[PDB]
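Along the sequence shown, residues are numbered consecutively beginning with 1. Just so it is clear, the values below take in all heavy atoms, side chains as well, and ignore hydrogens, waters and symmetry mates.
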Amino acid sequence: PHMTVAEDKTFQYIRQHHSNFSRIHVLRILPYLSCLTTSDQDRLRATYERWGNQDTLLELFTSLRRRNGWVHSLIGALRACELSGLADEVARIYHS
């Protein structure tokens, strides 16, 4: 019963507006996402190498969604990676 209404709403927003998020660079954002496990990190770096940014970004969001507090992890990480506008939009949806 983990996932909250706000989390789901946020995930669905990112899904519907995925092209808004295309300038995330997966490799740069990964170490900031403290909600990911070391195993998650390992797998996502290896996924990136094989499939590239665009497909790995899809996998990143579904990977995030399985973890505690991913929304706030993502918001923090977006700010840390010079994407504060994306952070603001995500926070706005979460609190809506």
Side-chain angles (χ1 to χ4, degrees), residues 1 3-96:
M3 184 168 81
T4 70
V5 170
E7 278 172 332
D8 172 67
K9 171 179 301 158
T10 304
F11 182 83
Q12 297 307 322
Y13 172 80
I14 294 168
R15 263 259 292 266
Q16 295 169 14
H17 296 74
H18 86 299
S19 75
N20 291 8
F21 293 90
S22 72
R23 276 162 300 277
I24 296 176
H25 181 202
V26 168
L27 284 195
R28 180 177 184 192
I29 200 168
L30 284 177
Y32 292 104
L33 296 161
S34 61
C35 65
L36 299 180
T37 59
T38 42
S39 170
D40 289 344
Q41 298 277 4
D42 287 344
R43 176 176 62 82
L44 290 165
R45 286 191 316 268
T47 304
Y48 181 89
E49 178 179 311
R50 182 164 184 156
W51 285 277
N53 199 73
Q54 175 185 80
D55 287 327
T56 308
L57 190 59
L58 289 170
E59 177 57 27
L60 177 58
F61 289 128
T62 63
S63 292
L64 282 170
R65 183 194 203 179
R66 293 187 265 275
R67 301 293 181 243
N68 166 275
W70 68 270
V71 173
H72 310 287
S73 188
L74 176 61
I75 287 162
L78 288 164
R79 290 168 180 160
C81 293
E82 301 183 274
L83 289 167
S84 290
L86 299 185
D88 292 338
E89 288 307 288
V90 169
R92 186 197 36 95
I93 294 299
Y94 177 86
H95 290 292
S96 72

**OP:** Can you see which heavy atom on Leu64 is nearest to which on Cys35, and at what distance?
**Re:** CD2-SG, 3.5 Å

**OP:** Would you mind reporting whether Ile24 and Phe61 have side-chain heavy atoms less than 4.5 Å apart?
**Re:** yes

Subject >> Separation between OH of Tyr32 and CG of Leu78, rounded to the nearest 0.5 Å >> reply: 12.0 Å

**OP:** Determine, using the 4.5 Å side-chain heavy-atom cutoff (strictly less than), whether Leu57 and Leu27 are members of one ILVMFWY cluster.
**Re:** yes

Subject >> Aromatic ring pairing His95/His72, orientation class (parallel under 30°, perpendicular over 60°, tilted between) >> reply: tilted

Original post:
Taking atom CG of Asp55 and atom CZ of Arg50, what is their separation to the nearest 0.5 Å?
Top reply: 12.0 Å

Original post:
For the side chain of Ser96 and the backbone of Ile93, is there at least one donor-acceptor N/O pair under 3.5 Å apart?
Top reply: yes

Original post:
Got more than 12 heavy atoms from elsewhere within 6.0 Å of CZ, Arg92?
Top reply: yes

Original post:
Can you tell me if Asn53 uses its side chain to pair, donor with acceptor, with the backbone of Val26 under 3.5 Å?
Top reply: yes

**OP:** Could you tell me the separation between the CZ atom of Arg15 and the OG1 atom of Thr62, rounded to the nearest 0.5 Å?
**Re:** 9.5 Å

Original post:
If we only count heavy atoms from C-beta on, is the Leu60 to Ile29 side-chain gap below 4.5 Å?
Top reply: yes

**OP:** May I ask you to decide if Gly85's main-chain N or O and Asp88's side chain share a donor-acceptor pair within less than 3.5 Å?
**Re:** no

Original post:
Between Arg43 and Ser63, is a side chain to side chain donor-acceptor pair (under 3.5 Å) present by the stated rule, with each step listed?
Top reply: CA-CA 10 Å; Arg43 176 176 62 82; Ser63 292; 2.9 Å; yes

Original post:
Sub-3.5 Å donor-acceptor pair from the side chain of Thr56 to the main-chain atoms of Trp51, do we have one?
Top reply: no

Subject >> Short side-chain to backbone donor-acceptor contact, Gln41 and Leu30, under 3.5 Å >> reply: yes

Original post:
Do other residues, nucleotides or ligands put more than 12 heavy atoms under 6.0 Å from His18 NE2?
Top reply: no

**OP:** Taking the side chain as every heavy atom from C-beta outward, state whether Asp40 and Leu33 have any pair of such atoms under 4.5 Å apart.
**Re:** no

Original post:
When the aromatic ring centroids of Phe21 and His17 are compared, is their separation below 6.0 Å?
Top reply: no

Original post:
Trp70 versus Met3: any side-chain heavy-atom pair under 4.5 Å?
Top reply: no

**OP:** Drop me the distance from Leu44's CG to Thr37's OG1, to the nearest 0.5 angstrom.
**Re:** 8.5 Å

Subject >> Shortest non-hydrogen contact from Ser73 toward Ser34 >> reply: OG-N, 3.2 Å

**OP:** Rounded to the nearest 0.5 Å, what's the gap from CD on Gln12 to CZ on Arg65? Could you check?
**Re:** 5.5 Å

